[PDB]
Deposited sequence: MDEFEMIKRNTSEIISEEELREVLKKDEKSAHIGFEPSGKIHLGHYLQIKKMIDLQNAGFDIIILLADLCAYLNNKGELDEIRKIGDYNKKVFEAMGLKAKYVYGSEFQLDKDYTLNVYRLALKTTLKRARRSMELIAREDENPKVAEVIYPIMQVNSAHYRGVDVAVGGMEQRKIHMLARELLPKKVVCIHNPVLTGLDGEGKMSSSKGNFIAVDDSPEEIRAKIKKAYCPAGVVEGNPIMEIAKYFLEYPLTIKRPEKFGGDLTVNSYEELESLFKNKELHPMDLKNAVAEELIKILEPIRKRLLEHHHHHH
């Protein structure tokens, strides 16, 4: 599995593969991703940071943009409080093994130059196209909703990044960047993790997440409570966790009573067992809780 394939692994989409291969051919390459500072860092974040780690291993300089301005505007606290959360986020990301440079949105997003270009971009972007780009991320829709995608695009341009990484929900905004900017950004899109209740995406504000520093008993309790319908793989958070975070061979342990220990050599194997209902939701949960704990331990320990 070469550098390209290591980057591609577990992504939903790369726009475009041909363009990424060209990026790979150069010494100096950067990749960026934006996060709003968050009191809790969960599996949703972890999945994306693993992807950034794949990229640095391929020779990319990594830049994390912390959206402190977005938080501040949205009544979530003063800049200093938010910088404190942002700085905690840096520690977590480091604990995960990522070696990155960090930039806060407020450091450049109010620069005269940047703003002027937000207004330039807004004369070139239709409202319809702007709103369309926001459907996957967006009551009483505010004008801020159509400013947001333009700022994202403008940031891509201001920082001169080669590759932009984000979840699948960011894809139309990235498409917008590739049609509005002089230089086409290569886009790498990660799957959107389902929350533990199987309802929406995993979110810090929806209380449906596993945080990377949750205690073992908290992880076990949260897994036990998860949505995990037998034979159903679509929208199954426990299966997603198995696909994106666990290492194979995986051992699922069961009493002899019920078929004994089961050893699976790939997620695809694990998938067929579950579809046929040869693997019971309870034994899967058990195995996932325990493996997840061992995976997260060194992160939580460093914290």
What residue ranges of the deposited sequence are absent from the coordinates? 139-141, 307-314
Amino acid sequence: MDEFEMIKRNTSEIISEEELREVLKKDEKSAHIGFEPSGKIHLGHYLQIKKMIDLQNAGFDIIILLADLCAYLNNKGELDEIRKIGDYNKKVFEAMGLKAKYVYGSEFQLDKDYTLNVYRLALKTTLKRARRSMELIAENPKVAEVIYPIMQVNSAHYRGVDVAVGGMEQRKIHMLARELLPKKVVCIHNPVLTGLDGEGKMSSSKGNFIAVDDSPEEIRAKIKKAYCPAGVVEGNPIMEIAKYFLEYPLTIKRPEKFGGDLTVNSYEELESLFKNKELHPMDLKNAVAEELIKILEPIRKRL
From here on, numbers count along this sequence of modelled residues.
Comparing average C-alpha B factors as deposited, tell me which of 156-164 and 76-84 sits higher. 76-84
Check the entry's C-alpha temperature factors for 260-268 and 242-250, then say which stretch has the higher mean. 260-268
For the listed residues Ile147, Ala226, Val92, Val233, which one has the largest C-alpha B-factor as given in the deposited model? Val233
Specify which of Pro255, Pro237, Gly44, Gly34 carries the largest Cα B factor in the deposited PDB entry. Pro255
With respect to C-alpha B-factor, does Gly195 fall in the lowest, middle or highest third of the chain as deposited? lowest
For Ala122, does the deposited CA B-factor place it in the lowest, middle or highest third of the chain? middle
Ranked by Cα temperature factor within the chain, is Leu69 in the lowest third, the middle third or the highest third? middle
Select lowest, middle or highest to describe the third in which the CA B-factor of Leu24 falls within its chain in this entry. highest
Can you work out whether the C-alpha temperature factor of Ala130 puts it in the lowest, middle or highest third of the chain? lowest
